[PDB]
Amino acid sequence: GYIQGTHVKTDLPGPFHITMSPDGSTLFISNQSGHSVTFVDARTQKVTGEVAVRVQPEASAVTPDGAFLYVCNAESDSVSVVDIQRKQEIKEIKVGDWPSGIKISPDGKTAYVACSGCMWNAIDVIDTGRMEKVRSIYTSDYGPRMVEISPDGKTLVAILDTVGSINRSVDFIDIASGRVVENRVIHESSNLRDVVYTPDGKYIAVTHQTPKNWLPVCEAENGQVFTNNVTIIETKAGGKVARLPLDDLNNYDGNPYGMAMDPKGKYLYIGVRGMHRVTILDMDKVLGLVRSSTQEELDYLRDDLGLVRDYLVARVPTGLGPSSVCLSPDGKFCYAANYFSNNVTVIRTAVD
Amino acid sequence: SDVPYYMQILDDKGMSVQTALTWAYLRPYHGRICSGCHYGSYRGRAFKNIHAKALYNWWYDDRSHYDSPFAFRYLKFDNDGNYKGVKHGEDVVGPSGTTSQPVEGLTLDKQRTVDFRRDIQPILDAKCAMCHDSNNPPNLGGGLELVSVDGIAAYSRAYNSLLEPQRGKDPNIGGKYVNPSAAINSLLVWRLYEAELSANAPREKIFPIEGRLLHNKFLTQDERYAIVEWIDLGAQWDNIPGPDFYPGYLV
Ligand code: HEC
Ligand code: HEC
Ligand SMILES: [Ca+2]
Ligand SMILES: [Ca+2]
Ligand SMILES: [Cl-]
Ligand SMILES: [Mg+2]
Ligand SMILES: [Xe]
Ligand SMILES: [Xe]
């Protein structure tokens, strides 16, 4: 297999992503450098097979029944439909540039694919019966990184990661309507790698970084150049946008990427790729902080470097490059996919 | 007498303007004078010469030890909530004729205090918790059910909410909604009376300019002043010494 963006060969799978069946019996790992998807039995924790897909998959999504796996092939500019039981790819549908993510609707009738190409703004919809692209939903700006569907199933958010932009936003889509109702801008943000929903659907979490672009590059202290942040947005109309720090004063979480939401919404799990660790936060303390604070106070608290310790549950050692994380349906276990170490770290959560 | 006590000067709304923090004690039949309120008459300064009305209310009768009135149990207020006067309790009392005034508050058994579980919490459940949940701070719901904090379950949700500290404020002064031994400085009391009571503002923005709701008509005078008394007493949780039947820490 090839290292991304290069013609150089490697024998290493290099997992870029991970997910889990709704019945929690199977883990599906997208191998970026392996151009395939590894199947892992959750119970025995060993590999049950490797399914060949198109070239450089960065993402995957499982149908509610768990009979199919929809994989996002980034360089092939496509999406592979794989039979889970047969361990074989039964189709290839082709989409806009660089899908970085795909999600299946609650009814399982539809799959939404975020096209992350720098000059490309699209969310391509795919009927599961036709097993083909239906239409395309144009976002407010370029390069959607990932989407997420509400538990309601009537709303779809897309994080827009836009090159050459300090203010990076999130689009709200009405699934029945199929276009943009509202666009909410995260100010002074960059590199949004994920978006997740709270079980009650009243909030969304987005991992990103806050650069200071307008300042000289001088020291590394007190996040003079980059700080790392998680933002909670209230799905309510006119809701708050709360930018919160992931960092200590002398300890930062480099490049937060993947997110896993606790089934009951008690904890938030954040893959930290740069510092190779999983940051676990208490969501009732976070949301408690959001509800009890004004917008001004939150905006001031974004730069508080001692704030994290209030809502921070843990930081757990992981393999190198944990770009993605996922949870078991009972929420008692958290899996983190490590690219460089070519493995998966299994974590026992606080849930008992 | 022979018991530790201190005192608080009160305004026309019955709230403490200044609290004397110390422990004073009187011997039997003894009495004590002071020129002022921490004026320095008992510390660094000579007694100021003062002709006071209280001097004539002290002992005027030859057949009595003291003609001065005993401490009253309650207060009476007018329709606006102003101080109307002082009110007798049910502790009234061998006994001999050695004082002119009715004997009140000498029974240690029946001495009244304000307990959060017995007094305040039911008021909170009745008049408050309906609109106040996790989504609308402070959270007054949950009843008397204990909330575990850092592996310790002591008080309820409402108590934990009301006693919560505020950023940039000395906890020795107060928290977000509560200033111990000052009701007049407490944001909660500020909102319950819907006015600025003191010269010390609890925080920068107090009364919302949008979506504000008047809280002054939610409580009767007895309930509101019960909260005032609770805060002025130091805003405790368990005010009944020793283990009792009311909800609390158990292992
Ligand atoms: C529904 C009719 C309510 C009842 C019953 C109670 N409160 Fe309330 N409260 C309500 C709203 C809509 C708001 C928003 C802000 C505002 O000023 O209107 C509040 C707010 C408070 C506050 C201020 C919180 C803060 O500024 O940080 C306090 C201190 C408060 N509420 C206390 C309180 C008490 C003691 C109640 C029982 C008498 C009570 N509330 C009832 C709505 C409603
Ligand atoms: C207004 C309230 C009063 C009144 C009517 C009296 N005192 Fe005094 N007192 C007062 C304050 C604010 C303080 C200090 C509180 C603190 O430091 O936090 C005190 C203190 C005392 C003390 C302790 C020693 C000292 O601080 O000087 C003693 C003893 C004392 N007060 C005695 C006292 C006497 C004899 C009074 C006459 C009735 C008296 N107090 C009245 C405030 C107030
Ligand atoms: Ca492409
Ligand atoms: Ca007790
Ligand atoms: Cl004095
Ligand atoms: Mg330096
Ligand atoms: Xe760690
Ligand atoms: Xe005193």
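Everything below is about the structure shown above.
Now for a quick tour of the structure. (Residues numbered from 1 in each chain as written, not as in the entry; some residues may be left out. Chains lettered and ligands numbered in written order. Part of a larger assembly, values for the part shown. Heavy atoms only, no water.)

1. Comments concerning the site of ligand 2
Residue and element names in this part refer to chain B. Stated formally: Only a single heavy atom is needed: when it lies within 4 Å of a molecule or strand, its residue is near that molecule or strand. Any pair of N or O atoms that falls within 3.5 Å is considered a polar contact. Within protein, one atom must be able to donate a hydrogen and the other to accept it, and sequence-neighbouring residues count only if both atoms are side-chain atoms. For this classification, the nonpolar set comprises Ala, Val, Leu, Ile, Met, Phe, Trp, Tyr, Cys and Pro, the charged set comprises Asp, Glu, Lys and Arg, and every other residue, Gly included, is treated as polar.
Of all residues adjacent to ligand 2, which total 13 residues, the nearest are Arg-32, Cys-34, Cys-37, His-38 and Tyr-42. Between ligand 2 and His-38 there is a distance of 3.4 Å, counted from an oxygen atom to a side-chain nitrogen or oxygen. Contact distances for ligand 2 include 3.0 Å between a nitrogen atom and a side-chain N or O atom of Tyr-42. Of the residues belonging to the shell around ligand 2, the class tally is seven nonpolar, five polar and one charged.

2. Quick word on the coordination of the iron atom of ligand 1
Threshold: The rule for donors is simple: an N, O or S atom within 2.8 Å of the metal counts, and for Na, K and Ca the reach is 3.2 Å. Water is not among the atoms, so a site may look short of donors. Relative accessibility under 20% of the residue-type maximum defines a buried residue, over 50% an exposed one, and the middle range a partly exposed one, all with a 1.4 Å probe and only protein chains included.
Within the protein, the atoms that donate to the iron atom of ligand 1 are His132(B) (NE2) and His215(B) (NE2), at distances of 2.1 Å. Note on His132(B): relative accessible area 13%, which makes it buried.

3. Topic: the side chain of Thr231(A)
Residues and elements named next belong to chain A. Put simply, the rule reads: Each helix is a run of DSSP H or I of at least 4 residues and each strand a run of E of at least 2, with the numbering of both proceeding from the N terminus. Contacts were defined at the residue level, with two residues in contact if any of their heavy atoms lie within 4.5 Å.
In this fold, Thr-231 is placed in strand β19 (residues 226-234). For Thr-231, a relative accessible area of 0% puts it in the buried group. Separated by 2.7 Å, the side chains of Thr-231 and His-208 make a polar contact. Beyond its immediate stretch of four places on either side in the chain, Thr-231 contacts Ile-186, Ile-204, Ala-205, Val-206, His-208, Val-241, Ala-242 and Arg-243.

4. Overview of the sheet that holds strand β5 (residues 57-62) of chain A
All names here are of chain A. Formally: One bridge is not enough; two strands pair if DSSP finds at least two bridges between them. The convention used is that axes are lines fitted to C-alpha atoms, helices contributing only their stretch in contact, and that angles between N-to-C directions extend from 0 to 180 degrees.
If you walk across this open sheet you meet the four strands as β5-β6-β7-β8, and the pairing is antiparallel. Two strands bound the open sheet, and with one partner strand each, they are β5 and β8 (88-94). Neighbour-to-neighbour, the strand axes of this sheet turn through a mean angle of 25°, independent of strand direction. The pairing of strand β6 (residues 68-73) with strand β7 (residues 78-83) spans six bridges and is antiparallel. The partner of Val-71 across the bridge, within β7, is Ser-80.

5. Some details on the site of ligand 1
Residue and element names in this part refer to chain B. Within the structure, ligand 1 sits among 18 residues, and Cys-128, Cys-131, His-132, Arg-203 and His-215 are positioned closest to it. For ligand 1, a nitrogen atom lies 2.7 Å from a polar atom in the side chain of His-132. In this structure, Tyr-177 approaches ligand 1 through a side-chain N or O atom, which is 3.2 Å from an oxygen atom. By residue number, the principal contributor to the shell around ligand 1 is helix α3 (residues 187-192), which donates three residues. A breakdown of the residues in the shell around ligand 1 according to their chemical character gives ten nonpolar, four polar and four charged.

6. What to know about the packing of helix α1 (residues 116-127) of chain B against helix α4 (residues 221-232) of chain B
All names here are of chain B. To be explicit about the condition: We call two directions roughly parallel when the angle between them is under 35 degrees, roughly antiparallel when it is over 145, roughly perpendicular when it lies between 65 and 115, and oblique otherwise. Each crossing gets its handedness from the near helix: less than a right angle anticlockwise from the far helix is left-handed, clockwise is right-handed.
Look at α1 against α4: their axes get within 10 Å of each other, and the N-to-C directions meet at 135°. The orientation of α1 with respect to α4, classified from their angle, is oblique. When the axes of α1 and α4 are compared, the crossing they make is left-handed. Residues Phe-116, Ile-120, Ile-123 and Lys-127 of α1 form the contact with α4, whose participating residues are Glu-223, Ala-226, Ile-227 and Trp-230.

7. Notes on the side chain of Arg73(B)
Residue and element names in this part refer to chain B. This is how it is decided: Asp and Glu count as negative and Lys and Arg as positive, but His and the ends of the chain are not part of the count. Basic side-chain nitrogens of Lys or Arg form a salt bridge, by our definition, when they fall within 4 Å of a carboxyl oxygen of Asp or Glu.
Turning to its location among the elements, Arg-73 is positioned in the loop between β2 (16-19) and β3 (74-77). With no salt bridge to any partner, buried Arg-73 finds its closest opposite charge in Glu-90, at an N-O distance of 4.2 Å. At 2.4 Å, the side chain of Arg-73 and the backbone oxygen of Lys-110 are in polar contact. Among residues more than four places away in sequence, those in contact with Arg-73 are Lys-87, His-88, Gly-89, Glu-90, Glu-104, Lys-110, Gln-111 and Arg-112.

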